[PDB]
>>> print(open('structure_13.cif').read())   # mmCIF, C-alpha atoms
data_final
loop_
_atom_site.label_atom_id
_atom_site.label_comp_id
_atom_site.auth_asym_id
_atom_site.auth_seq_id
_atom_site.Cartn_x
_atom_site.Cartn_y
_atom_site.Cartn_z
CA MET A 25 26.78 -13.31 -14.84
CA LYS A 26 23.00 -13.52 -14.67
CA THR A 27 20.49 -11.15 -13.06
CA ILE A 28 17.65 -12.64 -11.04
CA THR A 29 14.74 -10.36 -10.12
CA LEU A 30 12.89 -10.90 -6.83
CA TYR A 31 9.51 -9.34 -6.13
CA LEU A 32 8.59 -9.64 -2.41
CA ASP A 33 5.61 -8.12 -0.55
CA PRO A 34 3.10 -9.32 2.06
CA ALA A 35 0.93 -6.22 1.57
CA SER A 36 -0.71 -4.59 -1.49
CA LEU A 37 0.89 -1.34 -2.54
CA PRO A 38 4.47 -2.60 -3.02
CA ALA A 39 3.08 -5.63 -4.89
CA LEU A 40 1.07 -3.35 -7.22
CA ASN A 41 4.23 -1.45 -8.02
CA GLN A 42 6.22 -4.63 -8.47
CA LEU A 43 3.58 -6.06 -10.82
CA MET A 44 3.90 -2.78 -12.75
CA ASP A 45 7.66 -3.32 -12.98
CA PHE A 46 7.07 -6.87 -14.30
CA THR A 47 4.55 -5.49 -16.83
CA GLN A 48 7.02 -2.82 -18.06
CA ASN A 49 9.60 -5.59 -18.61
CA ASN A 50 7.12 -8.12 -19.96
CA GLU A 51 8.57 -8.39 -23.49
CA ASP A 52 11.52 -10.19 -21.90
CA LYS A 53 9.95 -13.65 -21.62
CA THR A 54 12.92 -15.47 -20.05
CA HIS A 55 14.46 -13.15 -17.47
CA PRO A 56 14.70 -15.14 -14.17
CA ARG A 57 11.96 -13.92 -11.80
CA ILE A 58 10.90 -14.93 -8.29
CA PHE A 59 7.49 -13.72 -7.05
CA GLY A 60 6.61 -13.67 -3.33
CA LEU A 61 3.55 -11.43 -3.44
CA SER A 62 1.21 -12.86 -0.79
CA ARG A 63 -1.92 -11.03 -1.91
CA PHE A 64 -1.66 -11.65 -5.64
CA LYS A 65 -2.10 -14.82 -7.63
CA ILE A 66 -0.68 -14.40 -11.17
CA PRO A 67 -3.02 -16.27 -13.57
CA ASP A 68 -1.84 -19.53 -15.14
CA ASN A 69 -2.27 -18.18 -18.63
CA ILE A 70 0.14 -15.33 -17.88
CA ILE A 71 2.66 -17.61 -16.10
CA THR A 72 2.90 -20.06 -19.04
CA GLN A 73 4.01 -17.23 -21.33
CA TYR A 74 7.27 -16.98 -19.33
CA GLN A 75 10.32 -19.11 -18.76
CA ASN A 76 12.46 -19.09 -15.59
CA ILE A 77 9.52 -17.77 -13.56
CA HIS A 78 9.23 -18.87 -9.93
CA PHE A 79 6.95 -18.51 -6.92
CA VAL A 80 7.71 -18.48 -3.23
CA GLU A 81 5.46 -18.19 -0.17
CA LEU A 82 6.04 -15.69 2.61
CA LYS A 83 5.67 -16.73 6.22
CA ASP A 84 5.98 -14.14 8.95
CA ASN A 85 7.13 -11.54 6.42
CA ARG A 86 10.00 -13.69 5.07
CA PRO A 87 10.35 -15.91 2.01
CA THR A 88 10.51 -19.56 3.04
CA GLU A 89 13.59 -21.77 2.56
CA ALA A 90 12.06 -22.82 -0.78
CA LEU A 91 13.82 -19.70 -2.00
CA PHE A 92 17.26 -21.44 -1.77
CA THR A 93 15.97 -24.30 -3.93
CA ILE A 94 15.08 -21.76 -6.57
CA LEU A 95 18.40 -19.87 -6.43
CA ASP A 96 20.33 -23.13 -6.62
CA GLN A 97 18.87 -23.63 -10.13
CA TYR A 98 21.17 -20.79 -11.17
CA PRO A 99 24.59 -22.13 -10.32
CA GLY A 100 27.04 -19.52 -11.66
CA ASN A 101 27.70 -15.85 -10.92
CA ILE A 102 24.37 -14.20 -10.11
CA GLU A 103 23.34 -10.65 -9.28
CA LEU A 104 20.07 -10.05 -7.42
CA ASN A 105 17.66 -7.25 -8.31
CA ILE A 106 15.41 -7.05 -5.30
CA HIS A 107 12.06 -5.30 -4.76
CA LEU A 108 10.71 -4.97 -1.23
CA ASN A 109 8.05 -3.49 1.05
CA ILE A 110 9.78 -0.70 3.13
CA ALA A 111 8.06 -1.52 6.44
CA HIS A 112 9.00 -5.19 6.16
CA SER A 113 12.32 -4.83 4.35
CA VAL A 114 14.49 -6.15 7.17
CA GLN A 115 12.53 -9.43 7.53
CA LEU A 116 11.99 -9.90 3.82
CA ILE A 117 15.67 -9.67 2.92
CA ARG A 118 16.83 -12.06 5.72
CA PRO A 119 17.01 -15.24 3.64
CA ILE A 120 18.53 -13.41 0.66
CA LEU A 121 21.40 -12.02 2.79
CA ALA A 122 21.97 -15.50 4.12
CA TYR A 123 22.37 -16.92 0.60
CA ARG A 124 24.68 -14.06 -0.35
CA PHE A 125 26.87 -14.60 2.66
CA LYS A 126 27.28 -18.35 1.93
CA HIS A 127 28.12 -17.60 -1.70
CA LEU A 128 29.97 -14.28 -1.48
CA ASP A 129 32.30 -15.15 -4.34
CA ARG A 130 29.46 -15.52 -6.85
CA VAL A 131 26.26 -13.88 -5.44
CA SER A 132 25.96 -10.11 -5.23
CA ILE A 133 23.17 -7.58 -4.81
CA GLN A 134 22.75 -5.48 -7.91
CA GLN A 135 20.18 -3.22 -6.33
CA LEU A 136 17.14 -2.68 -4.13
CA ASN A 137 13.89 -0.95 -4.88
CA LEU A 138 11.75 -0.28 -1.79
CA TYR A 139 8.10 0.86 -1.75
CA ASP A 140 5.83 2.14 0.97
CA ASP A 141 3.22 -0.27 2.43
CA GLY A 142 0.87 2.65 3.27
CA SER A 143 0.26 4.85 6.32
CA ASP A 144 2.28 2.59 8.65
CA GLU A 145 5.68 3.92 7.55
CA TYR A 146 4.54 7.46 8.41
CA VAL A 147 2.77 6.58 11.64
CA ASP A 148 6.02 4.79 12.64
CA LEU A 149 8.24 7.75 11.73
CA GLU A 150 6.06 10.07 13.83
CA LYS A 151 7.00 8.00 16.90
CA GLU A 152 10.63 9.00 16.31
CA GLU A 153 9.96 12.77 16.59
CA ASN A 154 11.97 13.46 19.77
CA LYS A 155 14.97 11.37 18.82
CA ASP A 156 18.34 12.45 17.46
CA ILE A 157 17.81 11.29 13.89
CA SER A 158 21.42 11.82 12.81
CA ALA A 159 22.58 9.53 15.63
CA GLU A 160 19.83 6.96 14.96
CA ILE A 161 20.93 6.72 11.29
CA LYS A 162 24.60 6.17 12.15
CA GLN A 163 23.76 3.48 14.70
CA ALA A 164 21.42 1.73 12.29
CA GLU A 165 24.11 1.67 9.60
CA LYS A 166 26.42 -0.09 12.06
CA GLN A 167 23.79 -2.65 12.99
CA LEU A 168 22.96 -3.25 9.32
CA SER A 169 26.67 -3.95 8.59
CA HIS A 170 26.55 -6.57 11.41
CA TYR A 171 23.30 -8.00 9.98
CA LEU A 172 24.88 -8.48 6.55
CA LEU A 173 27.63 -10.58 8.21
CA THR A 174 25.79 -12.53 10.92
CA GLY A 175 22.06 -12.56 10.08
CA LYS A 176 21.57 -11.27 13.61
CA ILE A 177 18.71 -8.79 13.49
CA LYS A 178 18.92 -6.42 16.44
CA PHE A 179 18.25 -2.82 15.58
CA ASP A 180 18.08 -0.14 18.28
CA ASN A 181 15.69 1.65 15.94
CA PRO A 182 13.87 -0.77 13.65
CA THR A 183 11.99 2.16 12.05
CA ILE A 184 15.06 4.11 11.04
CA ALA A 185 16.81 0.91 9.98
CA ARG A 186 14.25 0.74 7.12
CA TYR A 187 16.09 3.72 5.55
CA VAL A 188 19.81 2.90 5.82
CA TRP A 189 20.09 0.38 2.98
CA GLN A 190 22.28 2.71 0.88
CA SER A 191 25.14 2.04 3.36
CA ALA A 192 25.30 -1.48 1.87
CA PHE A 193 23.66 -1.57 -1.57
CA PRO A 194 22.46 0.63 -4.43
CA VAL A 195 18.89 1.60 -3.49
CA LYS A 196 15.85 3.48 -4.78
CA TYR A 197 12.97 4.36 -2.42
CA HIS A 198 9.45 5.07 -3.65
CA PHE A 199 7.50 7.17 -1.16
CA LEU A 200 3.79 7.97 -0.77
CA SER A 201 4.70 11.32 0.75
CA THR A 202 7.93 13.07 -0.20
CA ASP A 203 6.43 16.15 1.49
CA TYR A 204 6.66 14.32 4.83
CA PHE A 205 10.43 13.83 4.50
CA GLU A 206 10.95 17.35 3.20
CA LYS A 207 8.73 19.21 5.68
CA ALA A 208 8.96 17.35 8.98
CA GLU A 209 11.78 19.29 10.65
CA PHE A 210 12.98 16.40 12.83
CA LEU A 211 13.56 14.30 9.70
CA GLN A 212 15.90 16.81 8.07
CA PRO A 213 18.97 14.57 8.80
CA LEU A 214 17.20 11.62 7.15
CA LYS A 215 16.08 13.68 4.17
CA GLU A 216 19.65 14.86 3.59
CA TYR A 217 21.08 11.37 4.22
CA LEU A 218 18.79 9.84 1.59
CA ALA A 219 20.17 12.33 -0.92
CA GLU A 220 19.11 11.35 -4.47
CA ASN A 221 17.93 7.86 -3.42
CA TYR A 222 14.20 8.56 -3.21
CA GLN A 223 11.33 9.64 -5.42
CA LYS A 224 7.57 9.97 -5.09
CA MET A 225 5.61 6.81 -5.85
CA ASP A 226 4.78 6.48 -9.58
CA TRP A 227 1.00 6.52 -9.93
CA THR A 228 1.10 7.30 -13.64
CA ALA A 229 3.23 4.38 -14.92
CA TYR A 230 0.09 2.68 -16.28
CA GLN A 231 -0.52 5.59 -18.66
CA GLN A 232 2.86 5.02 -20.34
CA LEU A 233 2.28 1.27 -20.96
CA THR A 234 1.21 -0.11 -24.36
CA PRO A 235 -2.49 -0.96 -24.64
CA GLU A 236 -1.45 -4.62 -24.53
CA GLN A 237 0.54 -4.03 -21.32
CA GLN A 238 -2.37 -2.11 -19.79
CA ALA A 239 -4.58 -5.17 -20.33
CA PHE A 240 -1.82 -7.41 -18.94
CA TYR A 241 -1.59 -5.26 -15.83
CA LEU A 242 -5.35 -5.31 -15.25
CA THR A 243 -5.25 -9.13 -15.45
CA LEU A 244 -2.35 -9.30 -12.93
CA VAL A 245 -4.26 -7.19 -10.42
CA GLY A 246 -7.71 -8.80 -10.93
CA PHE A 247 -9.46 -5.80 -12.41
CA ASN A 248 -11.91 -6.94 -15.08
CA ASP A 249 -13.41 -5.14 -18.03
CA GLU A 250 -16.90 -4.88 -16.52
CA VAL A 251 -15.53 -3.00 -13.51
CA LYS A 252 -13.25 -0.81 -15.63
CA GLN A 253 -16.06 0.30 -18.00
CA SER A 254 -18.22 1.19 -14.98
CA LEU A 255 -15.53 3.60 -13.75
CA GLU A 256 -15.08 5.42 -17.12
CA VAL A 257 -18.41 7.30 -17.19
CA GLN A 258 -18.22 11.00 -18.24
CA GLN A 259 -19.91 12.24 -15.08
CA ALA A 260 -18.78 13.28 -11.63
CA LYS A 261 -18.29 10.11 -9.55
CA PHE A 262 -18.46 9.58 -5.78
CA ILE A 263 -17.40 6.33 -4.09
CA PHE A 264 -18.46 5.39 -0.53
CA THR A 265 -16.04 3.44 1.65
CA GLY A 266 -17.89 0.64 3.39
CA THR A 267 -16.93 -0.97 6.65
CA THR A 268 -17.81 -4.13 8.65
CA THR A 269 -19.24 -3.57 12.16
CA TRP A 270 -18.32 -1.36 15.12
CA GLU A 271 -19.32 -0.91 18.76
CA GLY A 272 -23.05 -0.34 18.24
CA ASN A 273 -24.26 -2.17 21.40
CA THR A 274 -25.72 -4.94 19.20
CA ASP A 275 -24.41 -8.08 17.48
CA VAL A 276 -27.01 -7.87 14.70
CA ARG A 277 -25.15 -7.38 11.42
CA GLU A 278 -28.24 -6.02 9.69
CA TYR A 279 -27.96 -3.02 12.10
CA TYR A 280 -24.51 -2.13 10.82
CA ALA A 281 -25.67 -2.49 7.22
CA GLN A 282 -28.66 -0.22 8.05
CA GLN A 283 -26.45 2.46 9.61
CA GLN A 284 -24.00 2.49 6.67
CA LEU A 285 -26.96 3.38 4.41
CA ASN A 286 -27.76 6.38 6.65
CA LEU A 287 -24.14 7.54 6.45
CA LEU A 288 -24.33 7.19 2.64
CA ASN A 289 -27.47 9.36 2.64
CA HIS A 290 -25.57 12.19 4.33
CA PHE A 291 -23.51 12.36 1.13
CA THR A 292 -26.15 11.64 -1.49
CA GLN A 293 -29.13 13.75 -0.17
CA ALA A 294 -29.48 17.57 -0.29
CA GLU A 295 -30.47 17.68 3.41
CA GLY A 296 -27.45 15.60 4.43
CA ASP A 297 -24.65 17.18 6.44
CA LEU A 298 -22.05 16.05 3.91
CA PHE A 299 -23.94 16.67 0.65
CA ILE A 300 -21.82 16.22 -2.43
CA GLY A 301 -24.31 17.41 -5.08
CA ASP A 302 -27.08 15.83 -7.18
CA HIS A 303 -24.90 15.48 -10.29
CA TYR A 304 -22.69 12.70 -8.87
CA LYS A 305 -22.93 9.09 -9.94
CA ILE A 306 -22.71 6.95 -6.78
CA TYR A 307 -20.50 3.89 -6.26
CA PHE A 308 -20.01 1.54 -3.34
CA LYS A 309 -16.63 0.08 -2.45
CA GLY A 310 -17.30 -2.48 0.29
CA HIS A 311 -14.80 -3.59 2.91
CA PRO A 312 -13.02 -6.75 1.68
CA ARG A 313 -14.36 -8.61 4.74
CA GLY A 314 -17.84 -7.05 4.57
CA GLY A 315 -19.32 -10.31 3.20
CA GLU A 316 -23.09 -10.31 3.29
CA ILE A 317 -23.25 -6.76 4.76
CA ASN A 318 -21.97 -5.64 1.36
CA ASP A 319 -24.87 -7.49 -0.36
CA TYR A 320 -27.36 -5.93 2.05
CA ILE A 321 -26.06 -2.40 1.38
CA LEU A 322 -26.07 -2.87 -2.41
CA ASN A 323 -29.60 -4.25 -2.44
CA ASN A 324 -31.11 -1.60 -0.24
CA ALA A 325 -29.35 1.38 -1.80
CA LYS A 326 -30.95 2.71 -4.97
CA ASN A 327 -29.03 3.47 -8.20
CA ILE A 328 -25.62 2.58 -6.88
CA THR A 329 -22.82 0.88 -8.79
CA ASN A 330 -20.86 -1.84 -6.95
CA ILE A 331 -17.06 -1.93 -7.15
CA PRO A 332 -16.11 -5.50 -6.05
CA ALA A 333 -14.84 -5.41 -2.45
CA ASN A 334 -11.65 -7.25 -3.45
CA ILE A 335 -10.50 -4.22 -5.49
CA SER A 336 -8.31 -1.76 -3.51
CA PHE A 337 -8.15 2.00 -3.65
CA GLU A 338 -4.47 1.53 -4.39
CA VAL A 339 -5.24 -0.26 -7.61
CA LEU A 340 -7.83 2.38 -8.55
CA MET A 341 -5.06 5.00 -8.25
CA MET A 342 -2.46 2.86 -10.07
CA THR A 343 -4.84 2.52 -13.04
CA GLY A 344 -6.01 6.17 -13.20
CA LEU A 345 -9.58 5.11 -12.28
CA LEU A 346 -10.15 6.77 -8.89
CA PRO A 347 -13.50 8.57 -8.78
CA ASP A 348 -13.67 12.33 -8.30
CA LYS A 349 -14.72 12.12 -4.64
CA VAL A 350 -14.26 9.47 -1.97
CA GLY A 351 -16.02 9.48 1.43
CA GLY A 352 -17.56 7.19 4.00
CA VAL A 353 -16.29 5.15 6.88
CA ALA A 354 -12.70 5.76 7.99
CA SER A 355 -9.86 3.47 6.97
CA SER A 356 -6.10 3.89 6.53
CA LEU A 357 -6.80 3.79 2.76
CA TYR A 358 -7.55 7.52 2.99
CA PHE A 359 -3.88 8.30 3.77
CA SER A 360 -2.75 7.94 0.16
CA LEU A 361 -5.76 9.56 -1.57
CA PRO A 362 -5.16 12.93 -3.28
CA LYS A 363 -6.25 15.81 -1.05
CA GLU A 364 -8.70 17.10 -3.70
CA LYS A 365 -10.59 13.82 -3.78
CA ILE A 366 -11.33 13.35 -0.08
CA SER A 367 -14.75 14.50 1.06
CA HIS A 368 -15.54 13.45 4.63
CA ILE A 369 -14.16 10.57 6.68
CA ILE A 370 -16.51 9.15 9.31
CA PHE A 371 -15.15 7.33 12.33
CA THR A 372 -17.24 4.65 14.00
CA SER A 373 -17.09 3.64 17.71
CA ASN A 374 -14.36 1.27 18.90
CA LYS A 375 -12.12 0.77 21.97
CA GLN A 376 -9.93 3.68 20.76
CA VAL A 377 -12.46 6.13 19.24
CA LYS A 378 -15.52 7.44 21.17
CA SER A 379 -15.67 11.08 19.93
CA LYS A 380 -14.46 13.46 17.24
CA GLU A 381 -11.56 14.38 19.50
CA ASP A 382 -10.48 10.70 19.66
CA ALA A 383 -10.89 10.39 15.86
CA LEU A 384 -8.69 13.46 15.38
CA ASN A 385 -6.06 11.63 17.45
CA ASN A 386 -6.10 8.57 15.18
CA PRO A 387 -2.48 7.85 14.15
CA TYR A 388 -2.91 8.23 10.34
CA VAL A 389 -5.35 11.14 10.80
CA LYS A 390 -2.55 12.94 12.74
CA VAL A 391 -0.10 12.48 9.85
CA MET A 392 -2.69 13.53 7.23
CA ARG A 393 -3.36 16.66 9.33
CA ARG A 394 0.39 17.47 9.61
CA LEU A 395 0.68 17.09 5.81
CA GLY A 396 -2.46 19.23 5.20
CA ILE A 397 -4.06 16.34 3.28
CA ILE A 398 -7.24 16.92 5.30
CA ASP A 399 -8.57 19.65 7.58
CA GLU A 400 -9.99 18.67 10.92
CA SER A 401 -13.49 19.63 9.66
CA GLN A 402 -13.34 16.63 7.31
CA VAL A 403 -13.15 14.19 10.26
CA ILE A 404 -16.62 13.30 11.56
CA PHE A 405 -17.55 11.03 14.47
CA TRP A 406 -20.47 8.84 13.35
CA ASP A 407 -22.92 9.67 16.15
CA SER A 408 -22.95 13.39 15.12
CA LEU A 409 -24.97 12.46 12.01
CA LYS A 410 -28.75 12.48 12.35
CA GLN A 411 -31.02 9.77 10.93
CA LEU A 412 -32.19 11.01 7.50
#
>>> encode(input="structure_13.cif", output="structure tokens")
Amino acid sequence: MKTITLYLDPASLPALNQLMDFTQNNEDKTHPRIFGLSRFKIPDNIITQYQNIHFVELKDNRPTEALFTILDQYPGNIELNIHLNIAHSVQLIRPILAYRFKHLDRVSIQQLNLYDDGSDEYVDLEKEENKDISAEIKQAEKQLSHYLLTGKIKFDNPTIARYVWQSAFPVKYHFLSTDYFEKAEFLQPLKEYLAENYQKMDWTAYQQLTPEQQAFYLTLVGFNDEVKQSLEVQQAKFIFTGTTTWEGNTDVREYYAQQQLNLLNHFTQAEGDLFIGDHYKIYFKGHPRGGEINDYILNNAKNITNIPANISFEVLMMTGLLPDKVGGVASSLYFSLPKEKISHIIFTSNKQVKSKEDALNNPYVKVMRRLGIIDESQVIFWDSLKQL
């Protein structure tokens, strides 16, 4: 038999973990591998080092039929080693289960590894709080069995169905918050069901790589030497989280750039409400869609170091390069930051959020609060901050 490894993710965090798994196994130059990581392009000069390496697109959270063309290149007994995004696991596995079913004499699933997407898994589990979790698990197992045979996806509880894979296959889950599963009382049946099949996400794997593998990983994730050196300074470091625009009663983008500078000043200046201290080196991490607003902020801020907007906080954590303090405009990225590193999170006006009270009711803010990751005093509504 032959093992084929499949790495599938439409998001970022599972992909970063899957690219770490590839890096750890990178001395094996010929192991069959299929990559469907929508947000990551593996460079040509890495790809050409490998044999039996394949790429597939995802559409609507599923690998396309070009997957079958790849698997058909391996005509004997094959076992699939599959890595997936938890939130999207049901859709992502659909075409794989189909291939298995057609070839049940010769295709089998060796195992699954599933990784959190981010806050969504937790925000989704919160919606299940008043349900009978024991009963939801048993029903989902039954519907999964049916799925395996028919390809018919119809789960009564699509959220819980994300967690019943062990009823069919060997599985390992990698969670952002094991505390959530262990401390949310309503999830006790799910915690016990999962048994030894989960662990906390592995943020320190990079540190155990060879220096050569560390460089390889940085190249996979698009994190160049210039950026890396800038983040290794022996000084306290603060990074501001930029945004795009919000409901400011104007369509002038320069206004939103202007206001983000004032928010930054609340952190950097002694008279600011959110003052971090004069000994911090300041960095700016723009929103990936900030475009020219990011250029405006960088040019009009003094003595700030840019971290290219295409670089995620998830990859900063994967690489051990997260600054000492993070603050700025709210985003779901804050959900997975260590509690010690979060300063203040500032919510801007939108259809959903028009006060601090609304901001405290934000879905990921609610989970962070339940987990004690932040106190409510760390959530600020933007219009509370004076012009400095």
>>> closest_residue(input="structure_13.cif", among="A:361, A:242, A:102, A:298", to="residue 403 (chain A)", atoms="only C-alpha atoms")
A:298
>>> closest_residue(input="structure_13.cif", among="A:65, A:54, A:79, A:30", to="residue 117 (chain A)", atoms="all atoms listed in the file")
A:30
>>> resolve_selection(input="structure_13.cif", expression="the PyMOL selection byres ((chain A and resi 305) around 9)", output="ChimeraX atom specification")
/A:257,259-263,302-304,306-307,327-329
>>> write_last_selection(input="structure_13.cif", atoms="C-alpha atoms", output="PDB file, keeping the file's coordinate frame")
ATOM      1  CA  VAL A 257     -18.410   7.300 -17.190  1.00  0.00           C
ATOM      2  CA  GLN A 259     -19.910  12.240 -15.080  1.00  0.00           C
ATOM      3  CA  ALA A 260     -18.780  13.280 -11.630  1.00  0.00           C
ATOM      4  CA  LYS A 261     -18.290  10.110  -9.550  1.00  0.00           C
ATOM      5  CA  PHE A 262     -18.460   9.580  -5.780  1.00  0.00           C
ATOM      6  CA  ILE A 263     -17.400   6.330  -4.090  1.00  0.00           C
ATOM      7  CA  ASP A 302     -27.080  15.830  -7.180  1.00  0.00           C
ATOM      8  CA  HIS A 303     -24.900  15.480 -10.290  1.00  0.00           C
ATOM      9  CA  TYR A 304     -22.690  12.700  -8.870  1.00  0.00           C
ATOM     10  CA  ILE A 306     -22.710   6.950  -6.780  1.00  0.00           C
ATOM     11  CA  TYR A 307     -20.500   3.890  -6.260  1.00  0.00           C
ATOM     12  CA  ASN A 327     -29.030   3.470  -8.200  1.00  0.00           C
ATOM     13  CA  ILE A 328     -25.620   2.580  -6.880  1.00  0.00           C
ATOM     14  CA  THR A 329     -22.820   0.880  -8.790  1.00  0.00           C
TER      15      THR A 329
END
>>> atom_distance(input="structure_13.cif", atom1="CA of residue 337 (chain A)", atom2="CA of residue 400 (chain A)")
22.2 Å
>>> residues_around(input="structure_13.cif", residues="residue 211 (chain A)", least_positions_apart="6", cutoff="8 Å", atoms="all atoms listed in the file", output="CSV table (one decimal) with C-alpha atoms, keeping the file's coordinate frame")
chain,number,residue,atom,x,y,z
A,153,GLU,CA,10.0,12.8,16.6
A,157,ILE,CA,17.8,11.3,13.9
A,205,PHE,CA,10.4,13.8,4.5
>>> residues_around(input="structure_13.cif", residues="region 313-319 of chain A", least_positions_apart="2", cutoff="6 Å", atoms="all atoms listed in the file", output="PyMOL selection string")
chain A and resi 268+281+310-311+321-322
>>> write_last_selection(input="structure_13.cif", atoms="C-alpha atoms", output="PDB file, in the coordinates of the input")
ATOM      1  CA  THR A 268     -17.810  -4.130   8.650  1.00  0.00           C
ATOM      2  CA  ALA A 281     -25.670  -2.490   7.220  1.00  0.00           C
ATOM      3  CA  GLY A 310     -17.300  -2.480   0.290  1.00  0.00           C
ATOM      4  CA  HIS A 311     -14.800  -3.590   2.910  1.00  0.00           C
ATOM      5  CA  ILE A 321     -26.060  -2.400   1.380  1.00  0.00           C
ATOM      6  CA  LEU A 322     -26.070  -2.870  -2.410  1.00  0.00           C
TER       7      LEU A 322
END
>>> closest_residue(input="structure_13.cif", among="A:250, A:278, A:51, A:33", to="residue 115 (chain A)", atoms="only C-alpha atoms")
A:33
>>> atom_distance(input="structure_13.cif", atom1="CA of residue 171 (chain A)", atom2="CA of residue 58 (chain A)")
23.1 Å
>>> closest_residue(input="structure_13.cif", among="A:146, A:241, A:98, A:189", to="residue 131 (chain A)", atoms="only C-alpha atoms")
A:98
>>> closest_residue(input="structure_13.cif", among="A:130, A:78, A:107, A:363", to="residue 393 (chain A)", atoms="all atoms listed in the file")
A:363
>>> resolve_selection(input="structure_13.cif", expression="the PyMOL selection byres ((chain A and resi 124) around 12)", output="ChimeraX atom specification")
/A:92,95-96,101-104,117-123,125-134,172-175
>>> closest_residue(input="structure_13.cif", among="A:275, A:220, A:381, A:236", to="residue 48 (chain A)", atoms="all atoms listed in the file")
A:236
>>> residues_around(input="structure_13.cif", residues="residue 182 (chain A)", least_positions_apart="4", cutoff="12 Å", atoms="all atoms listed in the file", output="PyMOL selection string")
chain A and resi 110-115+145+148-149+151-152+160-161+163-165+167-168+177-178+186-188
>>> decode(input="structure_13.cif", residues="region 27-38 of chain A", atoms="N, CA and C atoms", output="compact mmCIF listing (two decimals), in the first residue's frame")
# COMPACT_ATOMS: atom_id res chain seq x y z
N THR A 27 0.72 5.53 1.17
CA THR A 27 0.04 6.64 1.83
C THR A 27 0.11 7.88 0.97
N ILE A 28 -1.03 8.55 0.83
CA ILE A 28 -1.10 9.85 0.18
C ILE A 28 -1.54 10.87 1.23
N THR A 29 -0.80 11.96 1.37
CA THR A 29 -1.18 13.02 2.30
C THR A 29 -1.88 14.17 1.62
N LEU A 30 -3.02 14.58 2.17
CA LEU A 30 -3.82 15.68 1.62
C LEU A 30 -3.89 16.80 2.61
N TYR A 31 -3.56 18.01 2.16
CA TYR A 31 -3.56 19.20 3.01
C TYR A 31 -4.58 20.19 2.47
N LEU A 32 -5.74 20.31 3.14
CA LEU A 32 -6.87 21.10 2.61
C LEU A 32 -7.29 22.18 3.60
N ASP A 33 -7.34 23.43 3.13
CA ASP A 33 -7.82 24.55 3.95
C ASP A 33 -8.13 25.77 3.12
N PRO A 34 -9.34 26.34 3.27
CA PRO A 34 -9.63 27.62 2.60
C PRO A 34 -9.16 28.84 3.40
N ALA A 35 -8.84 28.62 4.67
CA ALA A 35 -8.56 29.73 5.60
C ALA A 35 -7.07 29.92 5.77
N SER A 36 -6.60 30.30 6.95
CA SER A 36 -5.16 30.52 7.20
C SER A 36 -4.58 29.63 8.27
N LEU A 37 -5.22 29.55 9.43
CA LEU A 37 -4.60 28.86 10.53
C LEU A 37 -4.39 27.35 10.27
N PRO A 38 -5.43 26.63 9.76
CA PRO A 38 -5.15 25.23 9.46
C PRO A 38 -4.02 25.08 8.43
